[PDB]
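Shown next, in structure tokens, is the structure this report addresses.
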Amino acid sequence: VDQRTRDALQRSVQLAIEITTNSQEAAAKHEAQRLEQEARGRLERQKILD
Amino acid sequence: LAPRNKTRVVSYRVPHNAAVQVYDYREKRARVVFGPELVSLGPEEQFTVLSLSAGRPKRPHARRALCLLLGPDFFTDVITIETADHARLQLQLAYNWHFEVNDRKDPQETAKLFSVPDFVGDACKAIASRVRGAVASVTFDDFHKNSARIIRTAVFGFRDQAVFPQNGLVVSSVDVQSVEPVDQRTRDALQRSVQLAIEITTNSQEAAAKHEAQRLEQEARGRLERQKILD
Amino acid sequence: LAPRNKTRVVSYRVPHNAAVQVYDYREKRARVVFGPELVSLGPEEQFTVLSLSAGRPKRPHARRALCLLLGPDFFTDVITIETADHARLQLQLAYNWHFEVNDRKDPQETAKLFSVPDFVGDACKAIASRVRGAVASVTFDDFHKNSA
Ligand SMILES: Nc1ncnc2c1ncn2[C@@H]1O[C@H](COP(=O)(O)OP(=O)(O)OC[C@H]2O[C@@H](O)[C@H](O)[C@@H]2O)[C@@H](O)[C@H]1O
Ligand SMILES: Nc1ncnc2c1ncn2[C@@H]1O[C@H](COP(=O)(O)OP(=O)(O)OC[C@H]2O[C@@H](O)[C@H](O)[C@@H]2O)[C@@H](O)[C@H]1O
Numbered sequence: 001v002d003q004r005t006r007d008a009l010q011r012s013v014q015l016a017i018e019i020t021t022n023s024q025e026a027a028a029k030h031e032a033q034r035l036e037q038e039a040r041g042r043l044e045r046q047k048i049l050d
Numbered sequence: 001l002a003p004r005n006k007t008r009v010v011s012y013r014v015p016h017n018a019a020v021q022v023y024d025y026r027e028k029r030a031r032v033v034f035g036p037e038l039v040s041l042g043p044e045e046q047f048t049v050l051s052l053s054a055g056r057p058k059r060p061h062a063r064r065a066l067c068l069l070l071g072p073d074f075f076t077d078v079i080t081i082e083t084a085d086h087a088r089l090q091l092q093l094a095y096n097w098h099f100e101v102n103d104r105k106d107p108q109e110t111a112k113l114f115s116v117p118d119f120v121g122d123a124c125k126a127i128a129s130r131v132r133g134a135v136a137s138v139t140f141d142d143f144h145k146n147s148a149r150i151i152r153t154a155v156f157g158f159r160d161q162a163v164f165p166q167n168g169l170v171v172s173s174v175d176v177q178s179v180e181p182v183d184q185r186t187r188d189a190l191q192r193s194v195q196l197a198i199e200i201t202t203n204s205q206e207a208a209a210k211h212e213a214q215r216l217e218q219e220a221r222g223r224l225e226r227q228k229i230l231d
Numbered sequence: 001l002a003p004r005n006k007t008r009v010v011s012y013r014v015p016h017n018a019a020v021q022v023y024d025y026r027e028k029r030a031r032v033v034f035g036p037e038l039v040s041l042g043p044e045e046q047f048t049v050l051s052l053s054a055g056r057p058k059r060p061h062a063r064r065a066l067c068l069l070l071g072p073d074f075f076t077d078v079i080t081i082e083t084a085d086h087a088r089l090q091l092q093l094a095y096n097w098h099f100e101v102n103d104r105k106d107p108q109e110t111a112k113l114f115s116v117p118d119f120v121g122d123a124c125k126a127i128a129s130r131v132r133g134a135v136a137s138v139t140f141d142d143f144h145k146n147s148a
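Protein chains in written order, with my numbering: chain U, 1 to 50; chain A, 1 to 231; chain D, 1 to 148.
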């Protein structure tokens, strides 16, 4: 009934879609860090071989 | 436009999938006929008018009509439901339906299709309550990713047929065509998400190109130092 | 332009891939005929008008028509779907379709093609729901790379 209760539930949407896109961004950052670490390890192994 | 003749027998041409039930009030015999046949009223036979539901938001009293189609049609209804994260969103279902008649010459089963007066409103609310009860228990991410299993195996959860034993109406698989949110704030935070998704996509592409360029530069540098040692 | 003669028998020239179902209301016999034949209505035979779907965004009531083509045609429909990264995008499908008739002289199977009144709207929504349900579960990169 209340527009205050219909606004706090709205604020909740954002806190839900905000933590959803934050989890997506954090998972993308962790995958990018893992790929960067793998590429860096391959680069240092190839530099030691060179 | 032209006024009808009151003397002539009232004849209604029933289509092959539609069905009309006539009440012969003189002998209190109710018969329902379907097929290519045009039904002819007697001295006191009267049609069964069905105040159905029509339109997009499914108004409860519209499309009044003598016939009742039993063929595989579909009615599209917008339903505004709320998820478990209090992000309300309006969505559409196709509602593929057909009346399943086991025997077409049975005075009781063929007249059972005219039990509920508004089968389009009843089949919309009975499938709107299920959708609202099944989506409000799951979050926005699980509903936006998997929007079809929890609306089809939930609307008619374990079987693929949503039978209605009041009138014999079955409902086939429901085909969603929009899961668009109501709020423009929710339609903007999902947009911001596009960029964070296309931004991390082009960042992964740029990082992979940079790592491949660094690997090729290191290989060329190692070949250059080996050739310089040989020189 | 010219007004038709109400006396003359209503004849409709059916094309080789189209199909018309006529309801002989006088004997309650429904027959559906296809081929090069022009069908002639009797004293009470009436055509099966199909309120189909037409246009790009596939409006549900347009192109009303007596015939029903069974040949390998295609309808193009724009569908606006959302990916798993909340990046909604509108896309088009060709929808190559044809009616598969196992036997062309069967009173039941040949009349089964006129069961759904709007086969173009039903075949668009049934294929739009599948596309929206299959693309919303996969991300933008996997959909833009492997879109087929
Ligand atoms: N006189 C009637 N008697 C029995 N059933 C009817 C009648 N009129 C409509 N119905 C059923 O109720 C449904 C109500 O549909 P609407 O909400 O009016 O139209 P919509 O839901 O936007 O789309 C339905 C679509 O399905 C096709 O059958 C039809 O060509 C239409 O485009 C119809 O699809 C039809 O199957
Ligand atoms: N009277 C009819 N009876 C039966 N089927 C029909 C009828 N009219 C159209 N159809 C089918 O429904 C489809 C609806 O098509 P539209 O949306 O009107 O046109 P579009 O989807 O833009 O393109 C279809 C294209 O396919 C070709 O068959 C046709 O030449 C057209 O260019 C048609 O392609 C046709 O196969």
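Virtual Cβ for every residue (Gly too), placed ideally from N, Cα, C.
Against chain A, with Cβ distances strictly below 8 Å, would residue i count as a contact?
i, result
"U/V13", "yes"
"U/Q46", "yes"
"U/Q24", "yes"
"D/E82", "yes"
"D/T76", "no"
"D/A136", "yes"
I want to see whether chain U comes within less than 8 Å of residue i, judged by CB atoms only; does it?
i, result
"A/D183", "yes"
"A/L190", "yes"
"A/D231", "no"
"A/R215", "yes"
"A/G55", "no"
"A/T48", "no"
"A/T139", "yes"
"A/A197", "yes"
Beta-carbon of residue i versus every beta-carbon of chain D: anything under 8 Å?
i, result
"A/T201", "yes"
"residue 312 of chain A", "Nothing can be reported for residue 312 of chain A, as the shown portion of chain A is limited to 1 through 231."
"A/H211", "no"
"A/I150", "no"
"A/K145", "yes"
"A/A94", "yes"
In three-state DSSP terms, what is residue i?
i, result
"D/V138", "coil"
"D/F143", "helix"
"U/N22", "helix"
"U/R45", "helix"
"A/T80", "strand"
"A/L70", "coil"
"D/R59", "strand"
"D/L50", "strand"
"D/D24", "strand"
"D/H16", "coil"
"A/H98", "strand"
"U/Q37", "helix"
"A/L41", "coil"
"U/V13", "helix"
"D/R8", "coil"
"A/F158", "coil"
"A/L113", "helix"
"D/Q90", "strand"
"A/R130", "helix"
I'd like the list of long-range same chain contacts for residue i, defined as Cβ closer than 6 Å, with 5 residues on each side in sequence excluded.
i, result
"D/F114", "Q21 and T48"
"A/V10", "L41"
"A/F164", "none"
"D/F140", "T83, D85 and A87"
With a threshold of 8 Å on Cβ separation, who are the neighbours of residue i within its own chain once the five nearest residues in sequence on each side are excluded?
i, result
"A/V182", "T80, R88, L89 and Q90"
"residue 181 of chain D", "Because chain D spans 1 through 148 in this model, residue 181 of chain D falls outside it and cannot be assessed."
"A/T76", "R56, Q92, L93, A94, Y95 and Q177"
"A/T186", "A87 and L89"
"D/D103", "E109 and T110"
"D/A136", "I81, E82, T83 and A84"
"A/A65", "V49, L50 and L52"
"A/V179", "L89, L91, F143, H144 and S147"
"A/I151", "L93, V131, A134, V135, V174 and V176"
"A/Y25", "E44, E45 and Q46"
Apart from the five residues just before and just after residue i, which ones in its own chain have a Cβ nearer than 7 Å to its Cβ?
i, result
"D/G55", "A62"
"A/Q184", "none"
"D/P60", "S53, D118 and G121"
"A/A207", "none"
"A/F74", "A94, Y95, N96 and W97"
"U/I48", "none"
"D/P36", "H16"
Give me the chain E residues within the contact set of residue i, using Cβ-Cβ distance strictly less than 8 Å, ordered along the chain.
i, result
"A/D142", "Absence of chain E from the displayed structure is noted, the protein chains being U, A and D."
> Listed from N- to C-terminal order along the chain, which residues in the segment 23-40 of chain D have their beta-carbon within a distance smaller than 7 Å of any beta-carbon of chain A?
Replying inline: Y23, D24, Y25, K28, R29 and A30
> At a Cβ cut of 7 Å, what residues of the segment 102-132 of chain A count as close to chain U, listed as they run along the chain?
Replying inline: So nothing in the stretch comes that close.
>> If the cut-off is 9 Å on Cβ atoms, which residues from the segment 61-73 of chain A count as contacting chain D, listed in chain order?
In response: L69, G71, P72 and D73
>> Under 7 Å, CB to CB, which of the residues in the segment 156-184 of chain A have a partner in chain D?
In response: Within the segment 156-184 of chain A, the residues whose Cβ lies closer than 7 Å to some Cβ of chain D are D175, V176, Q177 and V179, listed in chain order.
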